[PDB]
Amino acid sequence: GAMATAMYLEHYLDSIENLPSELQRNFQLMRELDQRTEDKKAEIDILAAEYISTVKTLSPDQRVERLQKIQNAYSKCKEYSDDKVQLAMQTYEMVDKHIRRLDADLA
């Protein structure tokens, strides 16, 4: 059913500029949350790359410093990732609600 997928997708995309109020909200919350996730990813990239290059210049405590510090950033990034997945599923019901009504009014 690629026909219906496409048809519904199109009809949806012509409705973006006035979605339901709670749906815009959810998309905005997901955007802000995606930012927190993108930033923590770029942050982890540094701590990783920095640790790799400057690896030999480190004692046993200075190694256990960076790892236990990176563990904190990975754990934090995961909270965001897990939250997004929940906020996404919640939003999917709203999108399915909207497309059904949208396409009922177009029939």
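Residue positions are given as counts along the sequence shown, with the first one as 1.
Comparing average C-alpha B factors as deposited, tell me which of 36-44 and 56-64 sits higher. According to the PDB entry, the answer is 56-64.
Output the stretch having the higher mean C-alpha B factor in the entry; the candidates are 65-73 and 26-34. Comparing averages over the C-alpha atoms only gives 65-73.
Could you place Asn18 in the lowest, middle or highest third of its chain by Cα temperature factor, using the values in the record? For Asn18, the deposited C-alpha B-factor lands in the highest third.
Once the chain's modelled residues are ordered by C-alpha B factor and cut into thirds, is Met7 in the lowest, middle or highest one? Answer is lowest: the recorded C-alpha B-factor places it there.
Based on the deposited C-alpha B factors for this chain, I'd like to know if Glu50 is in the lowest, middle or highest third. Highest third - that is where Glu50 ends up once the chain's C-alpha B-factors are sorted.
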